[PDB]
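Notes to accompany the following structure.
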Amino acid sequence: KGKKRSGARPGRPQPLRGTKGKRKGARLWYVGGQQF
Amino acid sequence: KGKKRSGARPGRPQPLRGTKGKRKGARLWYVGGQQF
Amino acid sequence: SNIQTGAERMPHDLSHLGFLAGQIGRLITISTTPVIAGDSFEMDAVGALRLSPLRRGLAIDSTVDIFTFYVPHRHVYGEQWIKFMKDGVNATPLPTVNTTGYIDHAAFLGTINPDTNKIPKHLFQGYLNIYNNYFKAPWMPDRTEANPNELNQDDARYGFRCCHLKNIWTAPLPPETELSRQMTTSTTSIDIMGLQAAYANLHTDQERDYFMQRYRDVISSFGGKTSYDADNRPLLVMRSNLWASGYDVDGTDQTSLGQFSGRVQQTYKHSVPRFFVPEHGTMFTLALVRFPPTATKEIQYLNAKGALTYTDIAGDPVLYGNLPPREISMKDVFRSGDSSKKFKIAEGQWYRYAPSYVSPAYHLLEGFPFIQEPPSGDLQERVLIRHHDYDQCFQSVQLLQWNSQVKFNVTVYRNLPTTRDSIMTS
Amino acid sequence: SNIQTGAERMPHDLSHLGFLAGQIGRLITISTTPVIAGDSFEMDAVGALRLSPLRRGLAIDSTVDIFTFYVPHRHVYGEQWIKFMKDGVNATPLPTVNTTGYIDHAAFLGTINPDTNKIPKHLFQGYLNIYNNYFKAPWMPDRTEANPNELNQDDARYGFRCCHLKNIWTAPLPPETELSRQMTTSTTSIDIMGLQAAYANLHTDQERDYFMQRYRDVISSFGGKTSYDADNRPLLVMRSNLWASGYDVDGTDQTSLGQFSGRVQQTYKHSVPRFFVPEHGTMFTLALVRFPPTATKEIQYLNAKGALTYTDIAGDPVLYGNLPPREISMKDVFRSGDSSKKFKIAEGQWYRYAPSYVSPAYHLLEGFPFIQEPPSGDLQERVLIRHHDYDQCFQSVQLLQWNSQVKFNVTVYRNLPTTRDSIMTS
DNA sequence: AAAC
DNA sequence: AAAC
DNA sequence: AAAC
DNA sequence: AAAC
């Protein structure tokens, strides 16, 4: 259960850079080979 | 949650001696005074 | 006026004696203590367990199980209870279930039947919940009676029948275990990929059949957990198990010199460590006395089912590790077994188990707690213990098959005012 | 065939971007992740919170609350879910609630409305449970709609209205608080002992009124505890609170030199520590943006209710500590207060609270998030925030009153086979 | 009489 | 439920 | 191609 | 729910 709040992240906003988590794992896409 | 069983109380049975717990507390009966 | 708004939690001595008696495979309530939200409960049951006098000397110890469960009232009155607590003082009084007009017809709940014939529904319902979640075979249907008055005199007076200790015959695979599984194929091709899938689904079936018939088990399988509130199950606080014993009494008159009577006195102690009661409920303590299921006529499967095939005698691991459950009859393992009574066994089970042997000289000899004829009936009638199978074992007495004299030392750390705060207006 | 019967738990990256927008006092879903029994969940939401451009420079920071709740499916489908899990593969598929035909009519659940117009009932129901257990005032009735299509376009698109931050007027005692209590007495005697009792019962009433309207609270009062399963409440896993700020933009052309526009950019971070999911459910994350309830016309109670009596001005502790709740009107604390709109306040409340002062020069000045006229309506309409009270504060834009761009870093330690275990027949 |  |  |  |  919930508690301390913290959006008080002192900083100027940064443009969203990348929708891929923090820790990844196994492979997810199979397309027949490499695709850039 | 339940567990180890123990009626294995090695001993010859003893006649029940007294229906009053182990640890008592405050007074329960009020009859007007002392009564033996 | 100013009133006595608080109370300080202090130890409450709710100790009491218990003079008990029951039948052999029936679950009976021996003590119940109503608990309030926030109290701490602890108990030390110490007494003696006695069997009725037996007809000859001791031959086999019986096993005894004592259980303490907690059943929150919410669990029993549901929504109605919630509302009662909220409504407070003017809540509508709680429902009361109906009993049969007899002094022992509520005995299964460890109580004398009030003259009015009704008891608090939580007392009756809690018992059913306890039975249905830990004592019936997973695959039998729940006990769903609305009032104690729907019960026979043996269920009402002695408690419900429990299952025997596991056997090849006493613990067969669940009734509906499938022995085969079809995959509807096309006429001159099979889909290699559908087949694969077919197997994945059966797997899932098979597991629910053998180990997960209960919702709580299906979740553990996922590696999750489920609270007792999640499926409304009584919480098992403590359980003690023991073997009761005693000694033989030597007769010494002209005619009974060479004769003995086994006296089973067993001192036992059931201790429930402190327990925090999260919400108002009853604390149920029950006893179950049972004997190992020794039948006087069980045969070794390989010795009683005809000619032996390679599959039955060789112990070939590739075979046993790969074929369907084997359907067998009561006749493959018993001398007067009903060939019409079937059961599903694991292949190779006969190499994982050994029945006890009772020489035929003991067959109808009274004084041995042996099952004399093989249980006849549906799977359910054969796994549920039948107390009459033990009648010819004991001397006939008014205290049934077992009796106990216990001292329930119970301390509750509750918070209600003092008996005098209570009788003093100011 | 032999199949891929197991899986080994490994980290699953379920991270995703979030492009959000909402109104001022409405609770909106900004992210949802469906969880499986036994997985471990962790999230790091890091983004920026922006308000629509405002008409003048910054004057007051708004406060932001981000919440993450867990709602087990059992909680939503009850019995039906239990049976589904047990039935397994051939379980009947789960019920689906109905939405209104518009792209934003399911937006309150942080989702685009599918063309079919239906969504999983757990998504809609979970939201209602969250609202009814933590956001409505305890005394308002639960939100009980069967399908999202029963909602207005503002509830459906922007989320449900939340209450204002507590005030004398914003947080009055519950509507039905009794201001008196009769004890039916006899004509020329009163029972000294019944009177005593009378007081004990009111006590019990009074507590349920003021602090225990919810069953879970009544139990804590006893010093017991109740699981989230006991009353079916969504479990609050984490909560972050913050003040959003920014900077003013100086105009520099001939006509707008001396003029400013407040730019609120607030970097925030919502972190949910690892969480073990005991049973399958959804993890809901919602946002609520609010301003302190500053009205441009609130008066100090003593300055606006006539002639001052000894009871109102002296601060006599024996008086305040002993008389019933005081019923007041919207007119005792507001310049255009409806004298017909009453509310019950604690005696002496005016000495425990101080309203903010807004000089009359600011009354209809656009660009300040002040409430311009006193809320008119029943108690419920006055405590629930009305987003239009803030319309004249901002420049008119397509992204409502606040918008956020976040990166939901979410890791789930789940146990399902690999994407290829999955696409390989063998 | 587990008592201001 | 002596479990990938 | 998070592979006996 | 700044609680005998």
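Read-outs: derived from the displayed coordinates by stated rules, not from any lab. Note that we place each Cβ from the backbone using ideal geometry, even for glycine, and neighbour counts take in every protein chain shown.
The listed residues are C:205, C:248, and the only one of them that is more than 8 Å from chain D (Cβ to nearest Cβ) and over 22 Å from the mean Cα position of the chain (by Cα) turns out to be C:248.
Against the conditions (1) surrounded by 23 or more Cβ atoms within 10 Å (Cβ to Cβ); (2) free of Cβ contacts under 8 Å to residues at least 24 places away in the same chain, residue D:86 satisfies every one except (1). Say we look at the stretch D:17-39 and pick out the residues that are within 10 Å of another protein chain (Cβ to nearest Cβ) and on the phi < 0 side of the Ramachandran plot; which of these is nearest to DNA strand G (Cβ to nearest atom)? Taking the candidates together, the pick is D:39. Selection within the stretch C:240-257: residues that are of a type in the set (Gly, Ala, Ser) and in contact (Cβ under 8 Å) with a residue 24 or more places away in the chain. The member of this set that is nearest to residue B:3 (Cα to Cα) is C:240. Of the residues making up the stretch D:212-226, those that are facing another protein chain (nearest Cβ under 7 Å) and closer than 17 Å to residue C:78 by Cα are D:215, D:218, D:219, D:225, D:226.
Can residue C:108 be described as more than 30 Å from residue D:207 (Cα to Cα), assigned to a helix (DSSP H, G or I) and more than 14 Å from chain D (Cβ to nearest Cβ)? Criteria met by residue C:108.
Against the numbered list (1) touching a residue at least 40 places away in the same chain (Cβ under 8 Å); (2) within 16 Å of DNA strand H (Cβ to nearest atom); (3) aliphatic (A, V, I, L, M), residue C:345 comes up short only at (2). Evaluation of residue C:179 against the conditions (1) assigned to a loop (DSSP other than H, G, I, E, B); (2) within 30 Å of residue B:1 (Cβ to Cβ); (3) touching a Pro at 6+ places or on another chain (Cβ under 7 Å) shows that the sole unmet condition is (2).
Quick check on the stretch C:47-56. Is at least one of its residues more than 12 Å from every other protein chain (Cβ to nearest Cβ), in contact with a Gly (Cβ under 9 Å, 6 or more places away or on another chain) and either surrounded by 19 or more Cβ atoms within 10 Å (Cβ to Cβ) or more than 28 Å from residue C:241 (Cβ to Cβ) (or both)?
At the first step, the residues of the stretch C:47-56 found to be more than 12 Å from every other protein chain (Cβ to nearest Cβ) are C:51-56.
Next, from what is left, pick out any that are in contact with a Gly (Cβ under 9 Å, 6 or more places away or on another chain): C:51, C:53-56.
Keeping just the survivors that are either surrounded by 19 or more Cβ atoms within 10 Å (Cβ to Cβ) or more than 28 Å from residue C:241 (Cβ to Cβ) (or both) gives C:51, C:54.
Looking through the stretch C:47-56, at least one residue is more than 12 Å from every other protein chain (Cβ to nearest Cβ), in contact with a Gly (Cβ under 9 Å, 6 or more places away or on another chain) and either surrounded by 19 or more Cβ atoms within 10 Å (Cβ to Cβ) or more than 28 Å from residue C:241 (Cβ to Cβ) (or both).
For residue C:237, the test of being more than 7 Å from every other protein chain (Cβ to nearest Cβ), under 30 Å from residue C:49 (Cβ atoms) and touching a residue at least 12 places away in the same chain (Cβ under 8 Å) is failed. Considering the conditions (1) closer than 18 Å to residue C:300 by Cα; (2) within 28 Å of the chain's Cα centre (by Cα); (3) loosely packed, with under 14 Cβ neighbours inside 10 Å, residue C:346 is excluded by exactly one of them, (3). The residue list D:373, D:381 contains one member that is more than 16 Å from DNA strand E (Cβ to nearest atom) and surrounded by fewer than 15 Cβ atoms within 10 Å (Cβ to Cβ), which is D:381. Cβ-Cβ below 6 Å, separation at least six or inter-chain, first residue in the stretch C:151-179 and in contact (Cβ under 8 Å) with a residue 12 or more places away in the chain and under 21 Å from residue C:113 (Cα atoms), second aromatic (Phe, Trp, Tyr) and outside any loop (DSSP other than H, G, I, E, B): which pairs? Qualifying pairs under 6 Å: C:156/C:108; C:159/C:108; C:160/C:131.
The set of residues in the stretch C:14-47 that are under 30 Å from residue D:207 (Cα atoms) and in a strand (DSSP E or B) comprises C:33, C:34, C:35, C:40, C:41. Of the conditions (1) surrounded by 13 or more Cβ atoms within 10 Å (Cβ to Cβ); (2) away from chain B (no Cβ under 14 Å); (3) polar (S, T, N, Q); (4) more than 19 Å from residue C:244 (Cβ to Cβ), residue C:415 clears all except one; give me its number. Unmet for residue C:415, out of (1) surrounded by 13 or more Cβ atoms within 10 Å (Cβ to Cβ); (2) away from chain B (no Cβ under 14 Å); (3) polar (S, T, N, Q); (4) more than 19 Å from residue C:244 (Cβ to Cβ): (2).
Among the residues making up the stretch C:62-100, those that are out of contact with any helix residue (DSSP H, G or I) (no Cβ under 6 Å at 6 or more places or on another chain) and within 26 Å of residue C:17 (Cα to Cα) are C:62, C:63, C:64, C:65, C:66, C:67, C:68, C:70, C:72. Just so you know, in the stretch C:386-399 the residues that are surrounded by fewer than 19 Cβ atoms within 10 Å (Cβ to Cβ) and not charged (D, E, K, R) include one that is nearest to the other protein chains (Cβ to nearest Cβ), and it is C:399. Remark: pairs (first residue in the stretch A:12-36, facing chain D (nearest Cβ under 7 Å); second residue among the acidic types (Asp, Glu) and away from DNA strand F (no atom under 16 Å from the Cβ); Cβ separation under 7 Å; 6+ apart in sequence or on different chains) = A:20/D:13; A:21/D:13; A:22/D:44; A:23/D:13; A:24/D:13; A:25/D:13. Here residue C:172 meets the list (1) part of a helix (DSSP H, G or I); (2) more than 14 Å from chain D (Cβ to nearest Cβ); (3) surrounded by 17 or more Cβ atoms within 10 Å (Cβ to Cβ) almost entirely, failing just condition (1).
Can you confirm whether residue C:3 is assigned to a loop (DSSP other than H, G, I, E, B) and either within 14 Å of another protein chain (Cβ to nearest Cβ) or touching a residue at least 24 places away in the same chain (Cβ under 8 Å) (or both)? Write out each step before concluding.
Values: assigned to a loop (DSSP other than H, G, I, E, B): yes; either within 14 Å of another protein chain (Cβ to nearest Cβ) or touching a residue at least 24 places away in the same chain (Cβ under 8 Å) (or both): yes.
The answer is yes for residue C:3.
When the residues of the stretch C:291-307 are narrowed to those that are free of Cβ contacts under 8 Å to residues at least 40 places away in the same chain and of a type in the set (A, V, I, L, M), which ends up nearest to residue C:367 (Cα to Cα)? Walk me through it before giving the result.
Quick first cut of the stretch C:291-307, residues free of Cβ contacts under 8 Å to residues at least 40 places away in the same chain only: C:303-307.
Next, only the ones that are of a type in the set (A, V, I, L, M) stay: C:304, C:307.
Working: C:304: 28, C:307: 37 Å.
Per the stated criteria, the residue is C:304.
Residues in the stretch D:262-286 that are surrounded by fewer than 18 Cβ atoms within 10 Å (Cβ to Cβ) and more than 10 Å from chain A (Cβ to nearest Cβ): D:263, D:274, D:276.
Of the residues making up the stretch C:58-88, those that are of a type in the set (A, V, I, L, M, F, W, C) and either within 17 Å of residue C:404 (Cα to Cα) or touching a strand residue (DSSP E or B) at 6+ places or on another chain (Cβ under 7 Å) (or both) are C:58, C:64, C:66, C:67, C:69, C:71. Scanning the stretch D:274-312 for residues that are within 22 Å of residue D:163 (Cα to Cα), in a strand (DSSP E or B) and among the β-branched types (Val, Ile, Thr) yields D:285, D:289.
Restricting the search to the stretch A:16-36, which residues are among the hydroxyl-bearing types (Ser, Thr, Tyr) and surrounded by 12 or more Cβ atoms within 10 Å (Cβ to Cβ)?
First pass over the stretch A:16-36, keeping only residues among the hydroxyl-bearing types (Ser, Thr, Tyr): A:19, A:30.
Scanning the stretch A:16-36 gives a single hit, A:19.
Look at (1) within 16 Å of residue C:325 (Cα to Cα); (2) in contact (Cβ under 8 Å) with a residue 12 or more places away in the chain; (3) surrounded by fewer than 18 Cβ atoms within 10 Å (Cβ to Cβ) and you find that residue C:362 fails only one, number (1).
The set of residues from the stretch D:121-180 being touching a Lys or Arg at 6+ places or on another chain (Cβ under 7 Å) and of a type in the set (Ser, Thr, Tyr) comprises D:131, D:158, D:177.
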